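# quick one: experimental structure and sequence below.
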Amino acid sequence: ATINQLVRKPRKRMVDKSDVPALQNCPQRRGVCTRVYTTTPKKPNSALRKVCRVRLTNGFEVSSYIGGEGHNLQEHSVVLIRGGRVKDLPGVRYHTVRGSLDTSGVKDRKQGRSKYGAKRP
Amino acid sequence: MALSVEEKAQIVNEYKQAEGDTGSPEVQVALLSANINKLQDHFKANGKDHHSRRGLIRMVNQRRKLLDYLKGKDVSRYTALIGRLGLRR
Amino acid sequence: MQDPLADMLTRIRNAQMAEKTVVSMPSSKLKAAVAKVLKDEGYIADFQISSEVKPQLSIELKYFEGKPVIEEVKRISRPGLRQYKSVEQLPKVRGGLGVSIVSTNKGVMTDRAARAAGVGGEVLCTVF
RNA sequence: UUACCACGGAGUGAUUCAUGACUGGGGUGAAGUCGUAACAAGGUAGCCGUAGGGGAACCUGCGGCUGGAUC
RNA sequence: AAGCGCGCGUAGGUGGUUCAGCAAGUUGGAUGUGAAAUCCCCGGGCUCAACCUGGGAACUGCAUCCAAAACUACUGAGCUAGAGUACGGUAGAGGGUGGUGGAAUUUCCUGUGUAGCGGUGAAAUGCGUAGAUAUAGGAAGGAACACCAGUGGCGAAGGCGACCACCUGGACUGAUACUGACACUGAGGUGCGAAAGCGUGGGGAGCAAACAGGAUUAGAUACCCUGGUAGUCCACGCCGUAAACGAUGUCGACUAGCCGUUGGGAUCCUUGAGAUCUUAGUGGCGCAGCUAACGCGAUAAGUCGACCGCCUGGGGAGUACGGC
RNA sequence: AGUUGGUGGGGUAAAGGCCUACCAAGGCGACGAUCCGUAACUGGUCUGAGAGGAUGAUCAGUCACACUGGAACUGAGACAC
RNA sequence: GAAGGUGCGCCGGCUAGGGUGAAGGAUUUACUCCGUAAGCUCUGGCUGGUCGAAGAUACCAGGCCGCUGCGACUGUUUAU
Ligand SMILES: [Mg+2]
Ligand SMILES: [Mg+2]
Ligand SMILES: [Mg+2]
C-alpha cells in the first residue's frame, strides 16, 4: 500500500485463462465425433443429455453439448463447435452448432429457429 | 557499565576536547572502545552469555554510528581518533 | 517527528473534537506562516508566537454553533509524497468554499490568491 | 598458395515438448463397508508445533494457546 | 485473506529548529521541437448522413534561456525540543560460571511387627508368608525449588522462581555538566529463538512417547490400572519450528475522566503517618471517536506522519517441481 | 579476454577494438547484467468520468526480410524482391 | 587422465630471462661481501621457411563408456 512499496513492485493484474482453451481465440472450430454418448447431470437435475467427444482440427479432444431434441450424429461426423459450457454437465465446456456441416437442425422447430439451425417453413 | 569510575575518569580527560567535556564523540568512542575491549575477556570465559552480548553489540553499533557522524563533520578529527584508538580493523 | 507541519493540523483537529479553546506547540516558519493564512481566512481566531529560545505557537479556536468552524483539515504534501501543482492544477476544496493552502514563491498563501497571482507551488493542506 | 568463412561432420552437455510398465497423492461422483474423529463439557475440552504408534478418522507423550463448558 | 517468532543492521526511503547563499527539484514566461492523418472546436462541399476538407485547439513530453526563492535537495554557519555521554542511587526469576541447603520421592541395609498392600466405578494385572504395606534408624542418587507469590518483577522475543560468591547486560530515577540531529525505519544480511527431535559424551530419583500385561467395550492398536524404554537432566554441536498470540510491526505527536498496583521523584505532614502532583511500567471501567458487529478506547483497533512486511474467493496446497 | 582501456599501424565516405601488434587487468550487473519465452516499433485504435487497462488491422513514419545460408560486384546510393 | 580435441620434425629472423663468472668496487680485516665483459650452461616467447604418406615416426608408452550384484576402502589367503 505504501507508495514506496508500490514503486519497487507495481500492482499486478491477473489474467484469467479462457474457459474455452481448445477453441484458441477463434469463434468456432471444426472437429469430428469420436464417441456419441449420454450422461447424467449433477445433484438437482436428472436427465440424459446428449454429449459427443470431438477431435478438433488443432488436435484437442473435447466433449460438447448437443442441443435441441433429437440428433443425427454418430461416429466419424464432422461438426462445428462453439463456446459456452453446461452447468449441470461436468466437463462439458462447448456447444455443437446445429445446422452446420453434418449436424442437421432440429426437426419441426418453430420458435428460436436460428439458434438451432432450423429452416423457415 | 563494566568500567569503574576511575577508568571512566581516566579515559575521559585523555580524549576530552575541552575542560568539562564528556559528550564529544571522541570521549564517547573512547568510552565505548575501552568497554568493548574489556568485555572481550568476559565473553571468552563466558561463551553462553547471549543476553550480555546484546548489550555489547549495542555498544559496537553505537561506536560505529558515532564514527560515521564524525566522518561527516571533520575527517581530520576522525582520522586522529581511530589512529589513537586503533580502530578501522 | 518527520512531519512537523502535519503535527500542526492534527493538533488542531484533535482539539476541535475535544472542544478545547487554545492549543500550544513548538513554532517554526511554516507553522507560523500557515497560521497566518488560517487567521486571515477566519478559520482560527488568532495566533501568537511566544518569542523565546524555544518558541511555542498558540492558536485560540473558533466555534460558531458549537460545531468547530474547521469541519475537516487534511494534509496533502506529506514528506513521503510531496505534492506540487501548477496554477491551473491547484485543487478546489468543496467547490471553492474551502481553502487549499499552497506554498508558492510569493510566500504561503491560499489557492484563490495563487490563481490570481498566477503562481503554483506545494499544496500543503486543505481546509473546510 | 595462404587468411577469413557458409554447408556438412564429430564428441559432450543443457533445456524444453510428448510418451512410459508401474507407483503416489488430489478432485468429483446416484450411493457400498468399517467405525464415530470434530461441532454441547460432542460424552477423554479443542487446537498449534514436534515425536512415536495404529485399518481409518485418530491415540499417546512434551511444550504452548483459548479460538474451552461448569464454577 | 493478510504484522515476518523476535532483535540488530547494509542499500534505500524519510528526517527537529535558526540565519545566509545556490538554484537541481518547484513555479511563471519565452524559444526550438513534439511529422502528416486521427481525437476535439468552429465552418465549408456532396439532396442529409456516413465521407471529404479549411482553420484552430491539442500532442499533458523533451531541450535551452530568462525571472522567483515559500518548501525540498546541496553548501556554509549556528540552537537544544530528538538522540547520546559524565555522576549518585533504586528495584528486579535479566544472563553466565561454581559451590551450598531443606522438604519429598525412589532404591538399598537393619530393628519391630503380621496378613494383607496397591489400584479402581468395581475389579484385575502387580507387590507380599522368601515377611509386603506401615513404623523407626542409617546410606546413595537424581530432579524440581513448598510458604513468600501478587492481571507482581526483569528480558528484543523465546523465556527467567531455593540461597550464596564471582563475571556481566539493560532499565528506572535527580540535578548539574557536556556533544549538537549524531535520528527513525529497514529489502538483502546477520544474531537469538519454547517444546519435541538429532549427534558425541556423561547422568538417571520421579514422570513417561514406544512397548507389555490387566480391565471396559460388539470391537478398543484408546480413555482407566499395573510396569516401563527413548526422552525429560548436564556439556558441547545441530535444528529453526509453535494458537512463537495482545491472533494487534517499529518509531513520534495529539485527544474527557474514574478506580487499583510495581520502581522512583517533588510538595503538603517534618508528623507518628496519610494526602496532592509528576515519571517509567502494569491492570479494570469509560466520554468522544472508530468498528460489519463483537469490542478498542493515553498499553487505541481514535486523529495523524516516516518506513517496512504481508493479502487479493474455497479446495487443490503451504502441496509438487527446482534452488538454498 | 578483443573482452574493458592505452600506444603504434592498418581500414572506412567518416569517429570508434572496426581490424591488428604490443602493454595494463580491466568492463557490465539486484538501478536486474546474463539466460529463457514471447514480440516488429511508433503516430495511433478500443474501452474508461478520468487516472488507467487492452491493443499495434486499414492509413502514415521508421525498421527488417525476399525459397534457406553466405558472399561480394557495379553503382552517387545495394551487399540489391 | 572422465569423455573428447589441438599442436609436436628440421632450418632460419627477431626477442625475454636463470645460473656461473676476470674485472673492478667494497670489509682494499680475509677460505670475506657486492658485482662482473667474454665464455660455458638452463628455461622460454613471437614469427617465417622447408621435407616426407607419416615428426610422441624406432624401442618405450592408459582402450574407453553405460546399467547392475557382492565386499566400504589399502590389505590377507588354500607353497603346488
Ligand atoms: Mg542378478
Ligand atoms: Mg574387498
Ligand atoms: Mg593353489
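Received, thanks. Numbering: from 1, shown residues only, chains lettered A, B, ... in the order given. Ligands and ions are numbered 1, 2, ... in the order given.

# for the chain, which residue occupies the most central location?
In the absence of a named chain, this looks at chain A. residue A:94 (0.9 Å; CA atoms, centre = their mean).

# switch to chain C, please.
Mean-position check on chain C, CA atoms, centre = their mean. Result residue C:34 at 4.6 Å.

# check chain B too.
A centroid search over chain B (CA atoms, centre = their mean) returns residue B:32, at 2.2 Å, as the residue closest to the centre.

# could you check how far it is from residue B:11?
Look at residue B:32 and residue B:11: by CB to CB, to the nearest Å, they are 10 Å apart. To be clear about C-beta, it is placed using only N, CA and C from the backbone, and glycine gets the same treatment.

# and for residue B:67?
To residue B:11, residue B:67 is 16 Å away according to CB to CB.

# can I take it that residue C:57 is in a helix?
No - using DSSP: H, G, I helix; E, B strand; the rest coil, the assignment for residue C:57 is strand, not a helix.

# surely it and residue C:30 touch.
No - checked against CB atoms under 8 Å, the pair residue C:57 and residue C:30 is beyond contact range at 10.4 Å.

# counting neighbours, go ahead and name the busier of the two.
Using other CB atoms under 10 Å in any protein chain shown as the criterion, residue C:57 and residue C:30 rank with residue C:57 on top: 20 against 14.

# what is the more buried one paired to in the beta sheet?
The partner list for residue C:57 in beta bridges (DSSP bridges) reads residue C:25, residue C:49.

# list the contacts of it.
By CB atoms under 8 Å, 6 or more residues apart in numbering or on different chains, the residues touching residue C:57 are C:8, C:24-28, C:31-32, C:35, C:47-50.

# just among the residues you listed, which is most surrounded?
Going by other CB under 10 Å, residue C:8 tops the contacts of residue C:57 with 27 neighbours.

# now check the strand or helix carrying that one, is it near RNA strand E?
Per DSSP states H and E, residue C:8 falls inside helix C:4-18. Yes - Helix C:4-18 reaches RNA strand E (CB under 7 Å from any atom of the strand) through C:4, C:6, C:7, C:9, C:10, C:11, C:13, C:14, C:15, C:17, C:18.

# what sits up against that helix?
By CB under 8 Å, 6+ apart, helix C:4-18 touches C:23, C:25-26, C:28, C:30-31, C:34-35, C:44, C:57, C:59, C:61, C:68, C:70, C:73-75, C:78, C:124-125.

# just to revisit the earlier point, which one of the contacts of residue C:57 is nearest to residue B:2?
residue C:26 (39.1 Å; CB to CB).

# so what's the closest one closest to, chain neighbours aside?
residue C:56 (6.2 Å; CB to CB, 6 or more residues apart in numbering or on different chains).

# show me what contacts residue A:33?
Counting by CB under 8 Å, 6+ apart, residue A:33 has contacts A:52, A:53, A:54, A:73, A:74, A:75, A:76, A:77, A:79.

# now those in TSV, with distance to RNA strand D?
Below are those laid out as TSV (distance: CB to the nearest atom of the strand, whole Å):
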residue	distance to RNA strand D
A:52	19
A:53	16
A:54	17
A:73	23
A:74	23
A:75	22
A:76	23
A:77	25
A:79	23
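
# drop anything exposed from those residues.
A:52, A:53, A:54, A:73, A:77, A:79 (16 or more other CB atoms under 10 Å in any protein chain shown).

# over to the last one: give its phi and psi.
Meaning residue A:79. phi -130, psi 160 (degrees, to the nearest 10).

# ok, so what distance separates residue C:81 from residue C:123?
Residue C:81 is 11 Å from residue C:123, by CB to CB.

# neighbours of residue A:62, how many?
By other CB under 10 Å, the residues close to residue A:62 number 20.

# give me the three-state assignment for it.
strand.

# give the contact list for it.
Contacts of residue A:62 by CB under 8 Å, 6+ apart are A:22, A:31, A:53, A:54, A:56, A:81, A:93, A:94.

# name the element the second one belongs to?
Under the criterion of DSSP H and E, residue A:31 resides in strand A:28-39.

# each with direction, which strands does that strand pair with?
Here strand A:28-39 is paired, per DSSP bridges, with strand A:49-56 (antiparallel), strand A:78-83 (antiparallel).
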